[PDB]
Structures are given as structure tokens and as C-alpha cells.
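The file model_26.txt comes next; it holds compact mmCIF, C-alpha atoms.
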# COMPACT_ATOMS: atom_id res chain seq x y z
CA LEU U 1214 -9.61 10.38 -18.87
CA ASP U 1215 -6.49 12.24 -17.72
CA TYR U 1216 -4.81 11.70 -21.09
CA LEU U 1217 -7.97 12.73 -22.95
CA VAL U 1218 -8.32 15.99 -21.01
CA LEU U 1219 -4.71 17.10 -21.51
CA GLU U 1220 -4.79 16.24 -25.22
CA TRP U 1221 -8.03 18.21 -25.55
CA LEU U 1222 -6.44 21.17 -23.76
CA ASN U 1223 -3.25 20.89 -25.85
CA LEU U 1224 -5.26 21.95 -28.92
CA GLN U 1225 -5.48 25.51 -27.51
CA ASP U 1226 -8.34 26.62 -29.78
CA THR U 1227 -11.33 28.85 -29.14
CA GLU U 1228 -13.79 26.12 -30.15
CA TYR U 1229 -11.80 23.51 -28.20
CA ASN U 1230 -12.72 24.30 -24.60
CA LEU U 1231 -13.41 22.28 -21.47
CA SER U 1232 -17.15 22.98 -21.74
CA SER U 1233 -17.00 21.62 -25.31
CA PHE U 1234 -15.55 18.28 -24.20
CA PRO U 1235 -17.72 15.37 -25.45
CA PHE U 1236 -19.16 14.28 -22.10
CA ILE U 1237 -21.85 12.32 -23.98
CA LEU U 1238 -19.34 9.46 -24.21
CA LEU U 1239 -19.60 9.13 -20.44
CA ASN U 1240 -22.87 8.05 -18.82
CA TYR U 1241 -23.14 11.47 -17.13
CA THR U 1242 -26.36 13.13 -18.26
CA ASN U 1243 -25.24 16.77 -18.36
CA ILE U 1244 -22.13 18.91 -18.03
CA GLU U 1245 -22.82 19.47 -14.32
CA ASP U 1246 -22.71 15.74 -13.56
CA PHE U 1247 -19.43 15.38 -15.46
CA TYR U 1248 -17.93 18.23 -13.44
CA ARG U 1249 -19.21 16.69 -10.20
CA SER U 1250 -17.66 13.30 -10.99
CA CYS U 1251 -14.35 14.39 -12.56
CA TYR U 1252 -13.43 17.61 -10.72
CA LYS U 1253 -10.52 15.68 -9.19
CA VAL U 1254 -8.86 15.43 -12.62
CA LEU U 1255 -10.13 18.57 -14.35
CA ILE U 1256 -9.02 21.06 -11.68
CA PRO U 1257 -5.25 20.25 -11.76
CA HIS U 1258 -5.10 20.72 -15.54
CA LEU U 1259 -6.70 24.17 -15.31
CA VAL U 1260 -4.42 25.20 -12.44
CA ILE U 1261 -1.21 24.30 -14.28
CA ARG U 1262 -2.53 26.08 -17.39
CA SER U 1263 -3.34 29.27 -15.41
CA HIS U 1264 -7.09 28.78 -15.95
CA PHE U 1265 -7.90 29.94 -12.42
CA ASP U 1266 -10.83 31.93 -13.79
CA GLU U 1267 -12.15 28.73 -15.40
CA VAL U 1268 -12.01 26.64 -12.22
CA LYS U 1269 -13.59 29.52 -10.29
CA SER U 1270 -16.34 29.53 -12.92
CA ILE U 1271 -16.57 25.78 -12.33
CA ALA U 1272 -16.88 26.21 -8.56
CA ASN U 1273 -19.79 28.66 -8.48
CA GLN U 1274 -21.80 26.75 -11.10
CA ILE U 1275 -21.39 23.37 -9.35
CA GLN U 1276 -22.42 24.92 -5.99
CA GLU U 1277 -19.38 23.80 -4.01
CA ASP U 1278 -16.73 25.49 -1.88
CA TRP U 1279 -13.91 26.59 -4.18
CA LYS U 1280 -11.41 26.48 -1.31
CA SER U 1281 -12.29 22.85 -0.58
CA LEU U 1282 -12.27 21.85 -4.26
CA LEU U 1283 -8.78 23.24 -4.84
CA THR U 1284 -7.48 21.81 -1.56
CA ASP U 1285 -8.70 18.31 -2.46
CA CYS U 1286 -6.62 18.39 -5.68
CA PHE U 1287 -3.44 19.49 -3.87
CA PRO U 1288 -1.49 16.23 -4.47
CA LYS U 1289 -2.23 16.32 -8.21
CA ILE U 1290 -1.12 19.93 -8.71
CA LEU U 1291 2.00 19.33 -6.60
CA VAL U 1292 3.23 16.48 -8.82
CA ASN U 1293 3.10 19.00 -11.69
CA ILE U 1294 5.12 21.94 -10.31
CA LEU U 1295 7.33 20.34 -7.65
CA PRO U 1296 9.18 17.64 -9.68
CA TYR U 1297 10.66 20.10 -12.21
CA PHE U 1298 12.76 21.98 -9.62
CA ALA U 1299 15.17 19.18 -8.71
CA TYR U 1300 16.04 17.87 -12.21
CA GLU U 1301 18.81 19.88 -13.90
CA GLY U 1302 17.40 23.39 -13.74
CA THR U 1303 17.74 25.30 -17.03
CA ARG U 1304 19.55 22.37 -18.64
CA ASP U 1305 17.87 22.76 -22.05
CA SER U 1306 15.66 25.41 -23.62
CA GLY U 1307 12.80 23.01 -24.37
CA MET U 1308 12.68 21.57 -20.86
CA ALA U 1309 13.31 24.90 -19.10
CA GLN U 1310 9.87 26.28 -19.99
CA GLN U 1311 8.16 23.77 -17.69
CA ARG U 1312 10.50 24.95 -14.92
CA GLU U 1313 9.65 28.60 -15.61
CA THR U 1314 5.87 28.14 -15.63
CA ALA U 1315 6.05 25.90 -12.55
CA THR U 1316 7.96 28.55 -10.61
CA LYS U 1317 5.62 31.32 -11.80
CA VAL U 1318 2.52 29.36 -10.76
CA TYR U 1319 4.02 28.36 -7.41
CA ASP U 1320 5.11 31.90 -6.53
CA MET U 1321 1.74 33.36 -7.54
CA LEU U 1322 -0.28 30.89 -5.45
CA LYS U 1323 1.82 31.72 -2.38
CA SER U 1324 -0.04 35.03 -2.23
CA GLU U 1325 -2.52 35.84 0.54
CA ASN U 1326 -5.61 35.37 -1.64
CA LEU U 1327 -4.74 31.77 -2.55
CA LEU U 1328 -3.66 28.86 -0.32
CA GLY U 1329 -0.31 30.54 0.35
CA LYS U 1330 -1.20 31.35 3.96
CA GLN U 1331 -1.68 27.69 4.94
CA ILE U 1332 -0.07 25.78 2.05
CA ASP U 1333 2.75 24.72 4.39
CA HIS U 1334 0.24 23.38 6.92
CA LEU U 1335 -1.57 21.40 4.22
CA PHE U 1336 1.78 20.20 2.86
CA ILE U 1337 2.82 18.86 6.27
CA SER U 1338 -0.63 17.63 7.30
CA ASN U 1339 -1.11 14.94 4.62
CA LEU U 1340 2.23 13.97 3.05
CA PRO U 1341 1.35 10.33 2.12
CA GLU U 1342 -0.99 11.43 -0.69
CA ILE U 1343 1.62 13.51 -2.50
CA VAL U 1344 4.18 10.72 -2.04
CA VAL U 1345 2.06 8.02 -3.69
CA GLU U 1346 1.18 10.39 -6.54
CA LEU U 1347 4.89 11.01 -7.15
CA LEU U 1348 5.58 7.27 -6.97
CA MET U 1349 2.79 6.37 -9.42
CA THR U 1350 4.31 8.66 -12.08
CA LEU U 1351 7.25 6.29 -12.58
CA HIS U 1352 8.09 5.45 -16.19
CA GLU U 1353 11.45 3.95 -17.15
CA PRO U 1354 12.04 3.97 -20.96
CA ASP U 1371 10.48 -1.88 -22.86
CA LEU U 1372 7.76 -1.93 -25.55
CA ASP U 1373 4.81 -1.11 -23.29
CA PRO U 1374 1.90 1.34 -23.53
CA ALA U 1375 2.63 4.84 -22.29
CA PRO U 1376 1.36 5.73 -18.79
CA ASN U 1377 -0.70 8.78 -17.82
CA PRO U 1378 0.80 11.94 -19.41
CA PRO U 1379 2.46 13.15 -16.16
CA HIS U 1380 5.30 10.68 -15.65
CA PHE U 1381 8.89 10.98 -14.43
CA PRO U 1382 11.74 8.45 -14.19
CA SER U 1383 13.04 6.95 -10.95
CA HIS U 1384 16.02 9.31 -10.65
CA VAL U 1385 13.74 12.32 -11.11
CA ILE U 1386 11.48 10.92 -8.38
CA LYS U 1387 14.49 10.50 -6.08
CA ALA U 1388 15.57 14.07 -6.84
CA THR U 1389 12.07 15.31 -6.03
CA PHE U 1390 12.14 13.46 -2.70
CA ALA U 1391 15.53 15.01 -1.93
CA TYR U 1392 14.15 18.44 -2.81
CA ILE U 1393 11.19 17.90 -0.46
CA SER U 1394 13.61 16.99 2.33
CA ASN U 1395 15.75 19.98 1.34
CA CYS U 1396 12.83 22.43 1.42
CA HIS U 1397 11.58 21.10 4.77
CA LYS U 1398 11.80 23.53 7.68
CA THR U 1399 14.11 21.34 9.77
CA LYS U 1400 16.34 20.76 6.70
CA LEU U 1401 16.78 16.99 6.70
CA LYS U 1402 18.68 14.99 4.10
CA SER U 1403 16.12 12.16 3.82
CA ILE U 1404 12.39 12.35 3.17
CA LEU U 1405 11.83 9.18 5.21
CA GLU U 1406 12.89 10.97 8.41
CA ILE U 1407 9.88 13.31 8.44
CA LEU U 1408 7.67 10.61 6.90
CA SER U 1409 8.63 8.61 10.01
CA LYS U 1410 7.07 11.21 12.32
CA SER U 1411 3.69 9.59 11.59
CA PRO U 1412 4.25 5.80 11.65
CA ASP U 1413 0.82 5.28 10.09
CA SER U 1414 1.97 7.10 6.95
CA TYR U 1415 3.72 4.03 5.50
CA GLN U 1416 0.39 2.24 5.94
CA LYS U 1417 -1.27 4.78 3.63
CA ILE U 1418 1.11 4.59 0.65
CA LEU U 1419 1.29 0.78 0.63
CA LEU U 1420 -2.49 0.37 0.53
CA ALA U 1421 -2.83 3.23 -1.96
CA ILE U 1422 -0.60 1.31 -4.37
CA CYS U 1423 -2.54 -1.86 -3.50
CA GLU U 1424 -5.91 -0.30 -4.37
CA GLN U 1425 -4.54 0.98 -7.69
CA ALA U 1426 -3.11 -2.47 -8.48
CA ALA U 1427 -6.36 -4.26 -7.60
CA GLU U 1428 -8.77 -1.90 -9.36
CA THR U 1429 -7.09 -2.45 -12.75
CA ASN U 1430 -6.81 -5.69 -14.70
CA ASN U 1431 -4.51 -4.68 -17.57
CA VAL U 1432 -1.27 -6.67 -17.56
CA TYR U 1433 0.78 -3.63 -18.58
CA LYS U 1434 -0.94 -1.33 -16.07
CA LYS U 1435 -0.34 -3.92 -13.35
CA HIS U 1436 3.29 -4.29 -14.45
CA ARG U 1437 4.01 -0.57 -14.02
CA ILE U 1438 2.33 -0.66 -10.60
CA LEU U 1439 4.77 -3.42 -9.65
CA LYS U 1440 7.59 -1.08 -10.69
CA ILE U 1441 6.34 1.81 -8.54
CA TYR U 1442 5.85 -0.63 -5.66
CA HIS U 1443 9.39 -1.95 -6.17
CA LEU U 1444 10.88 1.55 -6.05
CA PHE U 1445 9.05 2.43 -2.84
CA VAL U 1446 10.12 -0.79 -1.10
CA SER U 1447 13.71 -0.38 -2.32
CA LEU U 1448 13.66 3.24 -1.13
CA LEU U 1449 12.07 2.08 2.14
CA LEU U 1450 14.85 -0.47 2.67
CA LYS U 1451 17.47 2.19 1.90
CA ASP U 1452 16.78 3.89 5.26
CA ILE U 1453 16.68 0.76 7.43
CA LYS U 1454 19.64 1.96 9.52
CA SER U 1455 17.53 4.18 11.80
CA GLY U 1456 14.31 2.16 11.62
CA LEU U 1457 10.94 3.08 10.15
CA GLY U 1458 9.65 4.92 13.23
CA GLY U 1459 8.56 1.80 15.09
CA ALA U 1460 6.72 0.45 12.04
CA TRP U 1461 9.42 -1.80 10.55
CA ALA U 1462 7.65 -4.92 11.85
CA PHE U 1463 4.33 -3.99 10.23
CA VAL U 1464 5.76 -2.87 6.88
CA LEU U 1465 7.90 -6.01 6.66
CA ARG U 1466 4.86 -8.26 7.08
CA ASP U 1467 2.75 -6.24 4.63
CA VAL U 1468 5.26 -6.24 1.76
CA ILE U 1469 6.12 -9.95 1.94
CA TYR U 1470 2.47 -11.02 2.17
CA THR U 1471 1.64 -8.70 -0.74
CA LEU U 1472 4.48 -10.25 -2.75
CA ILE U 1473 3.43 -13.73 -1.60
CA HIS U 1474 -0.13 -13.04 -2.75
CA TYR U 1475 0.94 -11.65 -6.14
CA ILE U 1476 2.99 -14.81 -6.63
CA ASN U 1477 0.10 -17.08 -5.63
CA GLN U 1478 -2.35 -16.09 -8.39
CA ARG U 1479 -0.98 -15.83 -11.94
CA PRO U 1480 -2.18 -16.80 -15.43
CA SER U 1481 -1.35 -20.29 -16.63
CA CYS U 1482 0.17 -18.85 -19.81
CA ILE U 1483 3.08 -16.51 -19.07
CA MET U 1484 3.63 -13.67 -21.53
CA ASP U 1485 6.66 -11.40 -21.87
CA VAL U 1486 5.10 -8.75 -19.63
CA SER U 1487 3.95 -11.41 -17.16
CA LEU U 1488 7.44 -12.94 -17.00
CA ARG U 1489 8.97 -9.52 -16.31
CA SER U 1490 6.38 -8.91 -13.59
CA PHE U 1491 7.03 -12.33 -12.05
CA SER U 1492 10.80 -11.80 -12.18
CA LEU U 1493 10.43 -8.33 -10.65
CA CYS U 1494 8.31 -9.74 -7.81
CA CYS U 1495 10.85 -12.49 -7.10
CA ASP U 1496 13.75 -10.02 -7.18
CA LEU U 1497 11.97 -7.70 -4.75
CA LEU U 1498 11.14 -10.63 -2.46
CA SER U 1499 14.80 -11.69 -2.55
CA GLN U 1500 15.99 -8.15 -1.77
CA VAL U 1501 13.67 -7.65 1.21
CA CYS U 1502 14.59 -11.07 2.62
CA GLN U 1503 18.32 -10.31 2.43
CA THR U 1504 17.88 -6.82 3.90
CA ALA U 1505 15.66 -7.99 6.77
CA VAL U 1506 17.91 -10.94 7.68
CA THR U 1507 21.11 -8.87 7.62
CA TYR U 1508 19.75 -6.11 9.89
CA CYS U 1509 17.22 -8.08 11.99
CA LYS U 1510 18.12 -11.66 12.91
CA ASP U 1511 14.69 -12.50 14.37
CA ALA U 1512 12.71 -10.82 11.57
CA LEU U 1513 11.96 -13.98 9.57
CA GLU U 1514 11.26 -16.26 12.55
CA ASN U 1515 7.49 -15.75 12.09
CA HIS U 1516 7.34 -15.61 8.27
CA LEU U 1517 9.86 -18.17 7.00
CA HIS U 1518 7.35 -21.02 6.70
CA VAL U 1519 4.89 -19.12 4.50
CA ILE U 1520 7.73 -17.87 2.29
CA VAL U 1521 9.29 -21.33 1.89
CA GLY U 1522 5.89 -22.96 1.38
CA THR U 1523 5.14 -20.64 -1.53
CA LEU U 1524 8.61 -21.00 -3.07
CA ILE U 1525 8.54 -24.81 -3.31
CA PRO U 1526 5.88 -25.04 -6.07
CA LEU U 1527 7.67 -22.27 -7.98
CA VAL U 1528 10.55 -24.57 -8.97
CA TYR U 1529 8.35 -26.50 -11.44
CA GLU U 1530 8.34 -23.65 -13.98
CA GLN U 1531 10.59 -22.09 -16.62
CA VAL U 1532 14.32 -22.13 -15.94
CA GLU U 1533 14.93 -18.38 -15.58
CA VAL U 1534 12.33 -17.91 -12.83
CA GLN U 1535 13.43 -21.24 -11.34
CA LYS U 1536 17.00 -19.98 -10.92
CA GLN U 1537 15.86 -17.03 -8.80
CA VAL U 1538 13.73 -19.29 -6.58
CA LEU U 1539 16.64 -21.65 -5.89
CA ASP U 1540 18.97 -18.74 -5.11
CA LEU U 1541 16.54 -17.33 -2.54
CA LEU U 1542 15.94 -20.80 -1.07
CA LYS U 1543 19.69 -21.38 -0.72
CA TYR U 1544 20.17 -17.97 0.92
CA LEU U 1545 17.32 -18.57 3.37
CA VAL U 1546 18.41 -22.14 4.23
CA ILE U 1547 21.97 -22.99 3.18
CA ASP U 1548 23.55 -19.54 3.56

Give the structure from this file in C-alpha cells form.
Amino acid sequence: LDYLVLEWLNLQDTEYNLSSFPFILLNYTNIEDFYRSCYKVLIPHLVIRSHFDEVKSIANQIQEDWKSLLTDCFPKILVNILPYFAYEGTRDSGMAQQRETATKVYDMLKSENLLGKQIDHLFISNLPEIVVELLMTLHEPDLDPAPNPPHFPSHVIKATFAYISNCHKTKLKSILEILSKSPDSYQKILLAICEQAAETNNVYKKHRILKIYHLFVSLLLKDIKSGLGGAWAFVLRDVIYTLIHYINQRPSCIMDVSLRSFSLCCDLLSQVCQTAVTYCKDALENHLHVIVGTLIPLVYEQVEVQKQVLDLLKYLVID
């Protein structure tokens, strides 16, 4: 639906309007029901296109608080303006126009009439939601269907995280420092990725979700020096059990996308095991048996995935 709405709005014609969208394809009876069910997706597109009069016209016809409706879509609008600041400002003419419109929209909304009075409070209050939205927009350019239209590579995501830490009031160098102020935050992103992975059944959609999960875990392990705000024990158990589960169920026939997903899962499991053992000697004392028990059946498969299993087994046992 997100791709359909943006493509419809990209036409930029008088007859091609949001009210003219063919909602009859959906089971929603009328235009009001479609607005009630998809305001989470429709509002961010109008905001980034400066259709603030349109969304206001949406608010007073749906009989809902416009302040609440715009606040609820804060993570989705943020992943549209914020990422363009930290990636090579004014590098090229074609890419600079997104930077210009993002800055213009951001500066305008900081006014008194809009959320500018308490945008900082909302930004600080619920940071996990904007983080997972930024993570989900990962897309590294092989031979897979394109993701949702808003997508940025891993390095752009890292630059955005650095910019968030840079624009923070206390001026930290790492986003994970302030994300560590609420230890329950890491709980929110991990499940949010888990719900997105479980709700879909497409092999390519699942494969990209394994990529965004891999980046978050790798980024999470990159700040293991200071600890994850007292939550290292819980996050360590959650990620390995999630990886153990994803390994447990798998189709009998392994395709190219499935093999890449399986290899990515094994590589991430190997990385977290090495990182945890190196920094915490007694980390694996309560989870070694379940890891080894799952790895043993994995050796009776294709050679390439077998090689990774033996390497992890040797590191856990021999090394």
C-alpha cells in the first residue's frame, strides 16, 4: 500500500488525487473507512509533500484529533526528513533537492502552531519506534524485489544514527548511549523486527528482515565495551534464541534466497558467540547446550553451510 500511494501521488495531476484513489480494491466500504484504516500510511506522504491542508481536511472529516493523528505518524515522517541530513549534503544536484525540501519542511514545522513546541519531548519520549523504522529501511544493492519506496543503505543508516547522537542535547558520539537510558528500549526494537518477520511469509521479505536484524545486532555488539545499560544478559538470550528458532524451521528445499538467509543467520550467530565469549567469560554457561544441540543436525546439509557450522563448533569447543 505504501508503494501504491507514493506512485499515485507521483503522478501530480488534478484528476489524480488521494480522494480519487481506487479504495474499492480494498474491502473498505467507503472513503471514510479507508482513511480510518490507513491514516498511518497516508499522513506521512501528505506531510512530506506539503499537503498539510489535505491532512487537515482529512482530520475534520474523519472526526479525530488532528494533533493526535499527526503525532502517531511521527516515526514515519522522521525517516523521511532526518536521513537526508547526514549523507553528503549538497553532493549532487539531483539528490540535493530532497535535502532542501526536508530542511524546509523541518524548519516550518518547528513553528509554534505545529509540533515545534514539544517535538523535542516527543523525540526523546519514544525513540525505539523511530529507530526500528530507520532500521527497516535497509536496502543494500542481489536480484531481489525492491523494498518499500523509502529505503536507505547501511552506511546512510549509520550516518543518520550518528546525526541523531550529534543533534542530541548532551552531544554524545553514540546513539546507543542515550538509547541505554531506558534499558527496556532494546526490548522494543527486537520484538518490533520479530513481529514484522513473523507477519510476512515472503522469502524475499523475510530475507531483508534478516538483514535489518543483522545490522542492529552488529551495531548492538559494536558498543559492548560499556554494556547495554544492564540489559546485556537479556538481549544476549533473545538474539541467540531468535537465531536458534529461525534455524530450527526451514523449508526442505533450499533456494538461493533461502541459502543466503541461512548463511546470514549462521554468520550472525557466529559473530555474537565470539563477541560474547571474548567480553563475558560466563555468558555462554547457560546457553551452550541449546546452541550445540541445534548445530549438530546442521552438519548433514550442503557443504557451504556445513563449513560455517564446523567453524563455530570448533571455536566453541576446541578454541

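Among the candidates U:1217, U:1505, U:1546, U:1421, the one nearest to residue 1254 in chain U when counting all atoms listed in the file is U:1217.
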
- Task: Tell me, in Å to one decimal, how far CA of residue 1323 in chain U is from CA of residue 1259 in chain U.
- Result: 17.2 Å

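Shortest separation to residue 1389 in chain U among U:1344, U:1450, U:1521, U:1375 occurs at residue U:1344, atoms counted being all atoms listed in the file.
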
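For the pair CA of residue 1401 in chain U and CA of residue 1452 in chain U, the separation is 13.2 Å.
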
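A distance cut-off of 8 Å around (5.4, -8.8, -20.1), counting only C-alpha atoms, selects these protein and nucleic acid residues: residues 1432, 1433, 1436, 1484, 1485, 1486, 1487, 1488, 1489 and 1490 of chain U.
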
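Among the candidates U:1406, U:1346, U:1278, U:1424, the one nearest to residue 1377 in chain U when counting all atoms listed in the file is U:1346.
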
- Polymer residues at most 12 Å from range 1264-1269 of chain U, only C-alpha atoms, same-chain spacing of 3 or more positions, as a ChimeraX atom specification: /U:1222,1230-1232,1248,1252-1261,1272-1283,1286,1318,1321-1322,1327

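Among U:1439, U:1476, U:1224, U:1351, the residue with the shortest atom-to-atom distance to residue 1380 in chain U, counting only C-alpha atoms, is U:1351.
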
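Look at residue 1535 in chain U: the protein and nucleic acid residues within 10 Å of it, using all atoms listed in the file and passing over chain neighbours fewer than 5 places away, are residues 1492, 1524, 1526, 1527, 1528, 1529, 1530 and 1540 of chain U.
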